[PDB]
Amino acid sequence: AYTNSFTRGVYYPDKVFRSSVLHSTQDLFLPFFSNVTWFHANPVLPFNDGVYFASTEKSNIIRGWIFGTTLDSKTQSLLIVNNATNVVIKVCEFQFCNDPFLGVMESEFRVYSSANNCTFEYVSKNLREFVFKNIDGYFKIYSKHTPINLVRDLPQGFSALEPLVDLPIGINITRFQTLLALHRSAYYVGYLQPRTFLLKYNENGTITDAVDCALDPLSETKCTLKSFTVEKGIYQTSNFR
Amino acid sequence: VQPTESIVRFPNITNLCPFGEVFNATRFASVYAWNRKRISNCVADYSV
Amino acid sequence: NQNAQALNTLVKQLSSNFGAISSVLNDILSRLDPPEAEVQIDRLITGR
Amino acid sequence: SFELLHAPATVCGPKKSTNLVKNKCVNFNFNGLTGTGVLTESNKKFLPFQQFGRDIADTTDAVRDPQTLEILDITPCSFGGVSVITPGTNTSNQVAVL
Amino acid sequence: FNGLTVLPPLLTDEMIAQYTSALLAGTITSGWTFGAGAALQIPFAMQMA
Ligand SMILES: *[C@@H]1O[C@H](CO)[C@@H](O)[C@H](O)[C@H]1NC(C)=O
Ligand SMILES: *[C@@H]1O[C@H](CO)[C@@H](O)[C@H](O)[C@H]1NC(C)=O
Ligand SMILES: *[C@@H]1O[C@H](CO)[C@@H](O)[C@H](O)[C@H]1NC(C)=O
């Protein structure tokens with residue numbers, strides 16, 4: 001089905017610290033009060049410039065992501081998994097099957113069968129959320145974890161996402177998939193676009209609130225004044241062309 | 001006042017591009033069939 | 001408020017390239033020799 | 001056999017660091033950012049993904065050295081005008097400087 | 001900042017406060033007489049009259 005991304009999908013745009021300035025940024029963000037999907041636990045989805053991703057369960061049934069362009073051999077791809085604690089990242093060719101997953105019977109196999117000329121390796125209720133952005137040869141990943149009590153419902157709250165890793169490849173990515181863990185015998189997807197936001201920092205370089213300028217006239221009024229409070233009066237904001 | 005001098009500081013030195021397994025290998029190959037081991041993200045010390 | 005806003009605008013006007021390659025006197029100098037960096041320096045001077 | 005690919009550069013040599021100096025006027029450079037000023041310890045808190053600070057008016061004021069992972073703050077070195085106080089050459093030639 | 005300097009005012013705030021206090025004392029005690037020369041004392045009730 002569908003649900004509405006209320007005020008989620010905000011990440012730190014850079015490594016810069018600010019004490020109390022309300023900083024306005026022009027970058028890729030998920031629009032406020034946007035339309036997102038209601039997947040249950042799954043098919044393949046496109047990977048336009050940016051994507052959102054949120055998961056929420058008490059049982060670890062969701063594990064890792066699969067990225068690439070054709071999701072077959074002959075095309076470079078990105079793979080992330082976590083068996084129990086060893087996070088594995090691979091950026092190289094693979095041959096994924098029609099039903100890749102890992103059961104927890106209690107067997108755990110059947111994701112892919114291929115390994116050749118591989119260019120990188122690495123070994124390392126609750127709400128989980130990730131933002132994936134691939135630009136100019138780099139791959140950005142942001143994360144945040146917030147304990148909740150809702151079973152499988154998207155909550156009402158604001159939380160910034162901190163950068164996690166970054167890796168240089170210089171490839172083009174168009175589609176991606178996901179793994180699961182059900183048996184052997186619950187996630188969200190959002191789409192990013194160029195927008196304009198102003199952020200709030202409280203003496204510790206932590207993003208506590210944000211306002212999307214293009215949402216409604218009040219928001220662009222706040223953006224013009226560069227303040228979260230507006231006094232009585234009339235203000236000029238833009239033009240009707 | 002004028003600055004006394006210029007100082008530069010950079011992070012520690014990471015994985016060292018293990019040339020030691022290419023210049024001190026136990027057995028090289030014949031010229032008609034030569035290895036093509038390639039390096040990747042790491043710090044290379046050409047001074048040594 | 002007006003004095004502070006005017007001074008802040010004057011400060012913010014420094015971070016503008018004015019159609020040049022950059023808005024810093026160093027990076028323009030450090031990557032281009034005087035013969036063609038002089039044009040960029042002139043544009044920055046005119047804007048400021 | 002080196003090469004230059006459209007992909008970002010990944011492999012290259014070690015940058016030669018030098019000893020940091022505090023409470024003097026020097027020309028700092030940490031991972032690309034460069035300028036002058038006085039280096040001093042700052043009672044601030046950063047986040048493990050946060051390199052340097054920028055205050056109001058978009059100025060670099062705090063930087064964390066990438067050797068000790070501690071925050072330092074930078075302030076411009078002393079600048080100011082010089083004024084001359086004189087009683088007039090018709091009276092005396094003594095001069096006070098402010 | 002980068003070349004910006006804020007000069008301090010010549011008359012510090014307590015000095016201006018002292019001017020204001022002197023003006024108030026003169027107005028209360030001598031009425032308008034001190035504005036034309038030497039201050040001439042007069043009871044406040046008669047000045048209001
Ligand atoms: C999201 O879009 C679908 C069709 O694309 C629509 O049926 C649904 O009502 C939309 N959700 C919201 C919250 O507008
Ligand atoms: C922000 O920092 C102050 C001290 O600098 C601290 O008291 C406060 O708890 C911090 N806020 C957080 C961590 O949300
Ligand atoms: C200025 O100079 C003239 C002639 O030298 C002299 O008569 C006069 O007293 C001087 N006045 C002052 C204030 O120095």
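All of the numbers you see were taken from the coordinates with simple rules; none came from a lab. In this analysis, Cβ positions are derived from the backbone assuming ideal geometry, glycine residues included, and neighbour counts consider all displayed protein chains.
Quick notes
- Here the 3J(HN,Hα) profile of region A:218-234, calculated from phi with Karplus coefficients 6.51, -1.76 and 1.60 at θ = phi - 60°, is 4, 5, 5, 4, 4, 4, 4, 7, 6, 7, 7, 10, 10, 8, 4, x, 10 Hz, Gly and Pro shown as x.
- In order through region A:126-134: 3J(HN,Hα) via Karplus (6.51 cos²θ - 1.76 cosθ + 1.60), integer Hz, x for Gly, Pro: 9, 10, 10, 8, 9, 10, 10, 9, 10
- Shown for the protein assembly as shown: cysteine residues without a partner Cβ closer than 4.7 Å, namely A:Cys97, D:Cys12.
- Loop-resident sites, region D:31-98, for chymotrypsin sites (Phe, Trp or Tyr not before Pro), counting at most 14 other Cβ within 10 Å (DSSP): D:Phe49, D:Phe79
- Using only side-chain charges placed at the Cβ, +1 for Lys and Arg and -1 for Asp and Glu, the dipole size of region A:2-241 relative to its Cα centre rounds to 220 debye.
- Rounded to the nearest 0.05, the FRET efficiency derived from the C-beta distance between A:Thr70 and A:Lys232 at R0 = 41 Å is 0.10.
- Rounded Å value of the spacing that divides the Cα centres of chain C and region A:180-241: 31
- Working from label points 7 Å from Cα in the Cα-to-Cβ sense, the C:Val24 to A:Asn239 distance is 3.5 nm.
- Projected label points at B:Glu5 and B:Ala25, each 7 Å from Cα along the beta carbon direction, are separated by 4.3 nanometres.
- Annotation: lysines with alpha-carbon distance below 23 angstrom to A:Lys222 (same-chain offsets under eight excluded): A:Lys200, A:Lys232, C:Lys12.
- Sequence-distant residues sharing a close amide H with A:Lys200 (under 5 Å, placed H): A:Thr208, A:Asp209
- Region A:2-241: C-alpha gyration tensor shape, a/c 1.5 cut-off, then a/b vs b/c: prolate
- Sorted largest first, extent of the protein assembly as shown alpha carbons per principal axis (Å): 111, 60, 46
- Projecting the Cα atoms of E:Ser30, B:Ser47, D:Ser17 onto the charge dipole of the protein assembly as shown, computed from C-beta unit charges around the Cα centre, puts B:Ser47 farthest toward the positive end.
- Gaussian network model of chain E, Cα within-10 Å springs - most flexible of E:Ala25, E:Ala36, E:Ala17: E:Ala36
- For A:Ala214, the shell of other residues with beta-carbons less than 11 Å away shows a net charge of -2, using +1 for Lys and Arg and -1 for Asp and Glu.
- Centre-to-centre separation between the Cα atoms of region A:66-145 and those of region A:46-60: 13 Å.
- Ordering A:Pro147, A:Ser24, A:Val211 by Cα displacement along the dipole of the protein assembly as shown toward the positive end leaves A:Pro147 in first place; charges were set at the Cβ atoms of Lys, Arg (+1) and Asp, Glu (-1).
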